[PDB]
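Colleague: these are from a larger complex, still in place; more later:
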Amino acid sequence: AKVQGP
Amino acid sequence: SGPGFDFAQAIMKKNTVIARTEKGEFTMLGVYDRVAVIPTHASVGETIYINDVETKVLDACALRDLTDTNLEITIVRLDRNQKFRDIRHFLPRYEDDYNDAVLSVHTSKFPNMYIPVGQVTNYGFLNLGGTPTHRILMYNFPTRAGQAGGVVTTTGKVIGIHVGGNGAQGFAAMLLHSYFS
């Protein structure tokens, strides 16, 4: 998984 | 079902603001008083824009568990006059799986987004962008960047906030009542 912020 | 969609709408209308940090816009969930949460990778600073209003960060705490492992939840105390409706009684008390969950996001990029993500399953571990993270929930929906901070709910339960994905699945950090005792 990868952080999905802006 | 309408109850779930209605509950999500209520949570978004009364207990969410658009938080903007140096990293961009995030969906921010207000829990009680002047306390709110945001994914830790948002890099909260001394100031944060709350619906385009510069707000002083009275305090911030990046949550980690007994093993000193990242939980990806940052609790923030905001210098505001408005007080969040206390929703701590909607927070689960322990780790669990859920059905018919909804992911709700509100930013300038994703205004008023509501996604029925279906079954939600808890895992003790996730390698989130290289950072070991614990107390994770997974759902089978292709979430995308800009949805971090999005609120995960079932009818009467606010169970987590979105933190990441892998292209086919989404992952949320879990909200527990004991975090806001």
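Modeller: Okay, I see it. Residues are numbered from 1 along each chain as shown, chains lettered A, B, ... in the order given.
Colleague: residues contacting the residue sitting nearest the centre point of chain B?
Modeller: Centroid-nearest residue in chain B: residue B:161, 2.5 Å away (criterion: CA atoms, centre = their mean). Neighbouring residues of residue B:161 by CB atoms under 8 Å, 6 or more residues apart in numbering or on different chains: B:27, B:29, B:37-39, B:73, B:148-152, B:172-173, B:175. C-beta: built from backbone N, CA, C; applies to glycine.
Colleague: again, only using 7 Å
Modeller: With contacts defined as CB atoms under 7 Å, 6 or more residues apart in numbering or on different chains, residue B:161 is in contact with B:29, B:37, B:39, B:73, B:149, B:150, B:151, B:152, B:172, B:173, B:175.
Colleague: since we're on the third one, how many residues are nearby?
Modeller: Look at residue B:39: counted by other CB atoms under 10 Å in any protein chain shown, it has 27 neighbours.
Colleague: partners of the helix or strand where the residue nearest to the centre of chain B lies in the sheet?
Modeller: Assigned by DSSP states H and E, residue B:161 falls within strand B:157-165. Here strand B:157-165 has these sheet partners by DSSP bridges: strand A:2-3 (antiparallel), strand B:151-154 (antiparallel), strand B:170-174 (antiparallel).
Colleague: Pick the most deeply packed of the ones you listed.
Modeller: Burial of the strands paired with strand B:157-165 is given as mean neighbour count (mean count of other CB atoms under 10 Å in any protein chain shown); strand B:170-174 ranks first at a mean of 27.
Colleague: Angles on the backbone of residue B:42, please.
Modeller: phi -80, psi -20 (degrees, to the nearest 10).
Colleague: Neighbours of the one residue in chain B that gets nearest to chain A, how many?
Modeller: In chain B, the residue that lies nearest chain A is residue B:24 (2.4 Å; CB to the nearest CB). For residue B:24, the count of nearby residues is 16 (other CB under 10 Å).
Colleague: Another chain to add, chain C:
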Amino acid sequence: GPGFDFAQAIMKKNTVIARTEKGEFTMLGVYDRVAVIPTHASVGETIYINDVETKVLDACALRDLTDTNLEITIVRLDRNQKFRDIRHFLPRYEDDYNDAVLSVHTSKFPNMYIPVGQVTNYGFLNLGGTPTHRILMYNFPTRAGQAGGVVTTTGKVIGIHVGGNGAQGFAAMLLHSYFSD
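Modeller: Alright, chain C goes in next:
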């Protein structure tokens, strides 16, 4: 928001859950007892409308002047309720759009509202081996079960979802001339 409030009004007042031998579809009522559904639904002599078997008075799979498929099937339903006339919300000509919302409502995707943003007049598209015209294209990771979803913008109902290819979604245009006069 402006898009969400309009989209929800169209969903609540002018959509039903249609079920054919191919499964559940979002179906948009346009006026009188006339509704639209993606042609790949393979409509028949009867159809379930919100779980009530309904006689299909007429069904016409639309084609353009070049005799090319448009992937829209107009259906006249033998039901007591009459759809609110929304034909004045339909575009008059082919165009591109911004700030679009895809709204779906089925047992699998209940109360789903997705801001897809930019919508491009793609035009030609080979949809599963079937040449198709007047296709709108938006960037959204589609999933099976969203066919028939309504695509709206600020005050217009511009098309219905007909398919996708993992990262892009495709809708058939709705034009005022299809239902007018």
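Colleague: ok chain C is loaded, check the contacts of residue B:161 again?
Modeller: When contacts are counted by CB under 7 Å, 6+ apart, residue B:161 touches B:29, B:37, B:39, B:73, B:149, B:150, B:151, B:152, B:172, B:173, B:175.
Colleague: close enough to count as contact, the third one and residue B:71?
Modeller: Put plainly, it is residue B:39. No - counting by CB atoms under 7 Å, residue B:39 sits too far from residue B:71 to count as a contact (10.1 Å).
Colleague: Next, show the common contact partners of these two.
Modeller: What both residue B:39 and residue B:71 touch, as defined by CB under 7 Å, 6+ apart, is the set residue B:173.
Colleague: From what I see, residue B:144 and residue A:6 are in contact.
Modeller: No - under the criterion of CB under 7 Å, residue B:144 is not in contact with residue A:6, lying 11.0 Å apart.
Colleague: quick check: domain ranges of chain B?
Modeller: Following the assignment in automatic domain parsing, chain B carries domains at B:2-12+B:87-180, B:15-78.
Colleague: mind checking how far the last one is from the chain centre?
Modeller: The reference is to domain B:15-78. 9 Å (CA atoms, centre = their mean, to the nearest Å).
Colleague: And stretch B:128-148, by the same measure?
Modeller: 11 Å.
Colleague: In the longest strand anywhere in chain B, which residues are buried?
Modeller: If you go by DSSP state E, chain B has its longest strand at strand B:113-128. The neighbour-count check on strand B:113-128 (16 or more other CB atoms under 10 Å in any protein chain shown) flags B:113, B:114, B:115, B:116, B:117, B:118, B:120, B:122, B:126, B:128 as buried.
Colleague: and if you look at stretch B:73-86?
Modeller: Applying 16+ other CB under 10 Å to stretch B:73-86 flags B:73, B:74, B:75, B:76, B:78, B:80, B:84 as buried.
Colleague: Tell me which two of these sit farthest apart.
Modeller: B:73 and B:80 (20.0 Å; CB to CB).
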